[PDB]
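Step one of this worksheet: look at the structure below.
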Amino acid sequence: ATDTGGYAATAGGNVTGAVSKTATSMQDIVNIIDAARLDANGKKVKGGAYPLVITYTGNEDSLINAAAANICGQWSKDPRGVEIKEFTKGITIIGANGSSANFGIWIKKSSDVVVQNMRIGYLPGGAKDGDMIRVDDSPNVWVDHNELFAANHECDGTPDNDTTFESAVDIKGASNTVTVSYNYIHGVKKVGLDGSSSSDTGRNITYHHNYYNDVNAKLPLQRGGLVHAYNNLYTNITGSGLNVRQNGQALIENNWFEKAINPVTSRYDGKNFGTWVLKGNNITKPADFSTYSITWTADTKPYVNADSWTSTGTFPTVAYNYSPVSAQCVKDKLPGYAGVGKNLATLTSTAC
Ligand SMILES: O=C(O)[C@H]1O[C@H](O[C@@H]2[C@H](O)[C@@H](O)[C@@H](O[C@@H]3[C@H](O)[C@@H](O)[C@@H](O[C@@H]4[C@H](O)[C@@H](O)[C@@H](O)O[C@@H]4C(=O)O)O[C@@H]3C(=O)O)O[C@@H]2C(=O)O)[C@H](O)[C@@H](O)[C@H]1O
Ligand SMILES: [Ca+2]
Ligand SMILES: [Ca+2]
Ligand SMILES: [Ca+2]
Ligand SMILES: [Ca+2]
């Protein structure tokens, strides 16, 4: 089945006619994708020659650890990333338990891509787009069960004063349908875009069962389109959470917010505020703010905060099937299903 619990409906490379390959390193992944574009005669086949399931067994802990020991040395280095460009036959990159990477995965003009069980952290090249996961002009992409991390910190002297590290999951362009789920994202400043500029609006994105801890902003930075965020655990948000911009619409359901600043907002543009439909979150009314350490701040440009904690608009009927557990069960159970080494385990009501 292609059920991702979100707008994306894909099985990645786990489809009929697929070929399985094991990659012991980043270069092997690169070589495996290259080889998968050629037919029996060595001639290139558009979109790839056949579906692919790449099991990555490499471990770059030493690179991740050294980086964590000198974070301000990362931004100026060369970014590292496995590119998945114009591969539409269906592909899955799944890390084996114990695997890790100090390089990211950049999806571009592709479709039917799945990234699971990848432990990616402290990537070099924040000044040159060194993303952990990038989804550009790519619909039906599922980013599931990964651990994306760095340090939620800004070193001095970086370009635009914000490139110490790049994103956990940036989504831009015509990535019309994407599902980001069960990811353990921690120590990340600019978590993930959903449109890279004011003009890059649209897409239908679903963020579910993700565990965010000690993150600054962009959960996501939404521009137009639809965003369905449900069953997420947002703890220690130091800047802002869901920022609904350029008339985007969000459905924020059954999430747990705690020790968070500006959890639901629409800021930094000064106009075209998006809307949100709130329901079943641990926060039900403004009186719950103190209980969950929820604070609010202003901005120099006109903005809208969910400080009345009420819906500011509507949201279309959710297309796909999903069954959210309670916000309490998220708080209680999510940490055991989110991230890597969980065998892609999902949280259901029976496990609450
Ligand atoms: O695809 C990409 O990676 C993408 O990266 C850049 O675009 C990102 C945003 O789309 C862009 O709007 C901008 O974000 C600004 C600001 O530059 C960023 O530092 C952050 O700043 C806010 C606030 O405005 C600041 O005054 C201060 O208080 O810090 C805030 C914060 O959130 O920490 O967010 C801003 C915003 O939300 O608009 O830059 C982004 C980035 O990743 O730096 C490139 O511009 C784009 O071309 C593309 O490469
Ligand atoms: Ca980026
Ligand atoms: Ca910037
Ligand atoms: Ca950026
Ligand atoms: Ca921002």
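By convention in this document, the chains of the structure tokens carry letters A, B, ... by their order, each chain's residues are numbered from 1, and ligands are numbered from 1 in the order they are shown.
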request  = For ligand 5, collect every residue having any atom at a distance of at most 8 Å from a ligand atom (counting only C-alpha atoms and all ligand atoms); output as a list in words.
outcome  = residues 190, 217, 218, 221, 240, 243 and 268 of chain A
Selected residues written out with N, CA, C and O atoms, as an mmCIF file, in the first residue's frame:
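Saved the output as part-v9.cif:
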```
data_model
loop_
_atom_site.group_PDB
_atom_site.id
_atom_site.type_symbol
_atom_site.label_atom_id
_atom_site.label_comp_id
_atom_site.auth_asym_id
_atom_site.auth_seq_id
_atom_site.Cartn_x
_atom_site.Cartn_y
_atom_site.Cartn_z
ATOM 1 N N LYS A 190 16.791 26.237 11.848
ATOM 2 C CA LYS A 190 15.823 26.450 10.774
ATOM 3 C C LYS A 190 15.366 25.073 10.303
ATOM 4 O O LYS A 190 15.886 24.519 9.331
ATOM 5 N N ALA A 217 12.827 27.552 14.833
ATOM 6 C CA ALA A 217 11.697 27.988 14.030
ATOM 7 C C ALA A 217 11.450 27.116 12.820
ATOM 8 O O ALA A 217 12.142 26.125 12.594
ATOM 9 N N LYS A 218 10.445 27.521 12.048
ATOM 10 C CA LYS A 218 10.030 26.860 10.811
ATOM 11 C C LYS A 218 9.552 25.427 11.008
ATOM 12 O O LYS A 218 10.151 24.481 10.492
ATOM 13 N N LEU A 221 7.692 26.701 7.912
ATOM 14 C CA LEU A 221 7.506 28.083 7.509
ATOM 15 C C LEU A 221 6.640 27.781 6.290
ATOM 16 O O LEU A 221 7.138 27.305 5.265
ATOM 17 N N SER A 240 9.771 30.193 17.136
ATOM 18 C CA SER A 240 8.379 30.137 16.704
ATOM 19 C C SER A 240 8.084 28.718 16.195
ATOM 20 O O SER A 240 9.007 27.943 15.970
ATOM 21 N N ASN A 243 4.385 28.621 11.325
ATOM 22 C CA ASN A 243 4.262 29.992 10.858
ATOM 23 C C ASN A 243 3.508 29.924 9.532
ATOM 24 O O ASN A 243 4.087 29.605 8.496
ATOM 25 N N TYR A 268 6.697 37.780 10.053
ATOM 26 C CA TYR A 268 7.841 38.110 9.202
ATOM 27 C C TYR A 268 7.525 38.640 7.818
ATOM 28 O O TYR A 268 8.437 39.031 7.085
#
```
Interface rows for chain A against ligand 4: nearest pair, Å to one decimal, 9 Å, only C-alpha atoms and all ligand atoms, as a tab-separated table:
```
residue	atom	partner	partner_atom_place_in_ligand_line	distance
A:126	CA	ligand 4	1 (Ca)	7.8
A:127	CA	ligand 4	1 (Ca)	8.2
A:128	CA	ligand 4	1 (Ca)	8.4
A:129	CA	ligand 4	1 (Ca)	6.1
A:130	CA	ligand 4	1 (Ca)	8.5
A:131	CA	ligand 4	1 (Ca)	8.1
A:162	CA	ligand 4	1 (Ca)	8.3
A:163	CA	ligand 4	1 (Ca)	7.3
A:165	CA	ligand 4	1 (Ca)	8.8
A:166	CA	ligand 4	1 (Ca)	5.7
A:167	CA	ligand 4	1 (Ca)	6.8
A:170	CA	ligand 4	1 (Ca)	8.0
A:190	CA	ligand 4	1 (Ca)	7.6
A:192	CA	ligand 4	1 (Ca)	8.6
A:193	CA	ligand 4	1 (Ca)	8.1
A:196	CA	ligand 4	1 (Ca)	7.7
```
Selection to disk with N, CA and C atoms, as a PDB file, in the first residue's frame:
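Result went into again_25.pdb, see below:
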```pdb
ATOM      1  N   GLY A 126      26.359  25.099   5.880  1.00  0.00           N
ATOM      2  CA  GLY A 126      25.126  25.828   6.102  1.00  0.00           C
ATOM      3  C   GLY A 126      25.056  27.056   5.213  1.00  0.00           C
ATOM      4  N   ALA A 127      26.219  27.611   4.867  1.00  0.00           N
ATOM      5  CA  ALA A 127      26.281  28.803   4.024  1.00  0.00           C
ATOM      6  C   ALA A 127      26.039  28.487   2.559  1.00  0.00           C
ATOM      7  N   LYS A 128      26.014  27.199   2.223  1.00  0.00           N
ATOM      8  CA  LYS A 128      25.807  26.763   0.841  1.00  0.00           C
ATOM      9  C   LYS A 128      24.744  25.662   0.684  1.00  0.00           C
ATOM     10  N   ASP A 129      23.621  25.828   1.382  1.00  0.00           N
ATOM     11  CA  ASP A 129      22.479  24.905   1.331  1.00  0.00           C
ATOM     12  C   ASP A 129      22.694  23.469   1.789  1.00  0.00           C
ATOM     13  N   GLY A 130      23.498  23.280   2.835  1.00  0.00           N
ATOM     14  CA  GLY A 130      23.754  21.937   3.337  1.00  0.00           C
ATOM     15  C   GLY A 130      22.612  21.333   4.146  1.00  0.00           C
ATOM     16  N   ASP A 131      21.491  21.064   3.478  1.00  0.00           N
ATOM     17  CA  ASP A 131      20.302  20.491   4.114  1.00  0.00           C
ATOM     18  C   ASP A 131      20.431  19.007   4.428  1.00  0.00           C
ATOM     19  N   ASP A 162      22.516  33.563   9.808  1.00  0.00           N
ATOM     20  CA  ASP A 162      21.616  32.440  10.063  1.00  0.00           C
ATOM     21  C   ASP A 162      22.033  31.135   9.387  1.00  0.00           C
ATOM     22  N   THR A 163      23.265  31.071   8.891  1.00  0.00           N
ATOM     23  CA  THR A 163      23.710  29.872   8.187  1.00  0.00           C
ATOM     24  C   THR A 163      24.644  28.931   8.937  1.00  0.00           C
ATOM     25  N   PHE A 165      23.882  26.335  10.389  1.00  0.00           N
ATOM     26  CA  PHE A 165      23.422  25.036   9.907  1.00  0.00           C
ATOM     27  C   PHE A 165      22.200  25.313   9.034  1.00  0.00           C
ATOM     28  N   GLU A 166      21.946  24.435   8.066  1.00  0.00           N
ATOM     29  CA  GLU A 166      20.768  24.583   7.240  1.00  0.00           C
ATOM     30  C   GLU A 166      19.671  23.701   7.825  1.00  0.00           C
ATOM     31  N   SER A 167      18.672  23.373   7.016  1.00  0.00           N
ATOM     32  CA  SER A 167      17.507  22.635   7.491  1.00  0.00           C
ATOM     33  C   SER A 167      17.509  21.134   7.766  1.00  0.00           C
ATOM     34  N   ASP A 170      13.709  20.818   4.233  1.00  0.00           N
ATOM     35  CA  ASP A 170      13.212  21.934   3.418  1.00  0.00           C
ATOM     36  C   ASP A 170      12.383  21.403   2.252  1.00  0.00           C
ATOM     37  N   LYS A 190      16.791  26.237  11.848  1.00  0.00           N
ATOM     38  CA  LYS A 190      15.823  26.450  10.774  1.00  0.00           C
ATOM     39  C   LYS A 190      15.366  25.073  10.303  1.00  0.00           C
ATOM     40  N   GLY A 192      12.489  23.612   8.762  1.00  0.00           N
ATOM     41  CA  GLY A 192      12.061  23.274   7.422  1.00  0.00           C
ATOM     42  C   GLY A 192      11.094  24.220   6.761  1.00  0.00           C
ATOM     43  N   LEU A 193      11.407  24.578   5.523  1.00  0.00           N
ATOM     44  CA  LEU A 193      10.568  25.460   4.747  1.00  0.00           C
ATOM     45  C   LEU A 193       9.454  24.656   4.102  1.00  0.00           C
ATOM     46  N   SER A 196      10.176  28.353  -0.440  1.00  0.00           N
ATOM     47  CA  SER A 196      11.437  29.040  -0.150  1.00  0.00           C
ATOM     48  C   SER A 196      11.443  30.549  -0.253  1.00  0.00           C
TER      49      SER A 196
END
```
Can you check which residues of region 124-331 of chain A DSSP gives as helix (DSSP H, G or I) on the backbone and send them as a JSON list (two decimals) with C-alpha atoms, in the first residue's frame?
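What landed in selection28.json:
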```json
[["chain", "number", "residue", "atom", "x", "y", "z"],
["A", 126, "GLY", "CA", 25.13, 25.83, 6.10],
["A", 127, "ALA", "CA", 26.28, 28.80, 4.02],
["A", 128, "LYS", "CA", 25.81, 26.76, 0.84],
["A", 159, "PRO", "CA", 26.28, 34.78, 5.99],
["A", 160, "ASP", "CA", 22.87, 36.46, 6.60],
["A", 161, "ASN", "CA", 23.53, 35.72, 10.30],
["A", 288, "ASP", "CA", -3.50, 26.43, 29.32],
["A", 289, "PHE", "CA", -0.52, 28.57, 28.25],
["A", 290, "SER", "CA", 0.93, 28.93, 31.76],
["A", 291, "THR", "CA", 0.36, 25.23, 32.41],
["A", 327, "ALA", "CA", -2.40, 14.72, 22.67],
["A", 328, "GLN", "CA", -1.63, 12.99, 25.97],
["A", 329, "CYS", "CA", -0.72, 9.70, 24.29],
["A", 330, "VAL", "CA", 1.62, 11.67, 22.02],
["A", 331, "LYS", "CA", 3.36, 13.17, 25.04]]
```
Residues of region 176-288 of chain A within 12 Å of region 296-316 of chain A: nearest atom pair and distance (Å, one decimal) for each, counting only C-alpha atoms, sorted by chain and number, as a tab-separated table?
```
residue	atom	partner	partner_atom	distance
A:204	CA	A:316	CA	10.9
A:225	CA	A:315	CA	10.4
A:226	CA	A:315	CA	7.9
A:227	CA	A:315	CA	9.2
A:228	CA	A:315	CA	9.1
A:229	CA	A:315	CA	11.9
A:237	CA	A:296	CA	11.5
A:238	CA	A:296	CA	10.9
A:239	CA	A:297	CA	9.3
A:240	CA	A:296	CA	8.9
A:241	CA	A:305	CA	10.7
A:242	CA	A:306	CA	10.2
A:243	CA	A:305	CA	9.3
A:244	CA	A:304	CA	9.5
A:245	CA	A:303	CA	9.9
A:246	CA	A:303	CA	12.0
A:247	CA	A:313	CA	10.3
A:248	CA	A:315	CA	9.8
A:249	CA	A:315	CA	6.2
A:250	CA	A:315	CA	6.6
A:251	CA	A:315	CA	6.3
A:252	CA	A:311	CA	9.5
A:253	CA	A:311	CA	11.3
A:259	CA	A:296	CA	11.1
A:260	CA	A:296	CA	8.7
A:261	CA	A:296	CA	5.6
A:262	CA	A:296	CA	5.0
A:263	CA	A:306	CA	7.8
A:264	CA	A:306	CA	5.5
A:265	CA	A:305	CA	4.5
A:266	CA	A:304	CA	5.2
A:267	CA	A:303	CA	4.8
A:268	CA	A:301	CA	6.4
A:269	CA	A:301	CA	6.8
A:270	CA	A:302	CA	4.3
A:271	CA	A:302	CA	6.7
A:272	CA	A:303	CA	9.5
A:273	CA	A:304	CA	7.1
A:274	CA	A:313	CA	8.4
A:275	CA	A:313	CA	5.2
A:276	CA	A:311	CA	5.4
A:277	CA	A:311	CA	4.4
A:278	CA	A:311	CA	5.5
A:279	CA	A:311	CA	8.5
A:280	CA	A:309	CA	11.6
A:281	CA	A:309	CA	10.3
A:282	CA	A:309	CA	11.4
A:283	CA	A:309	CA	8.0
A:284	CA	A:309	CA	7.0
A:285	CA	A:309	CA	5.7
A:286	CA	A:308	CA	5.9
A:287	CA	A:308	CA	9.5
A:288	CA	A:309	CA	9.7
```
ask   = Restricting the calculation to only C-alpha atoms, which member of A:180, A:101, A:114, A:169 is positioned closest to residue 59 (chain A)?
value = A:101
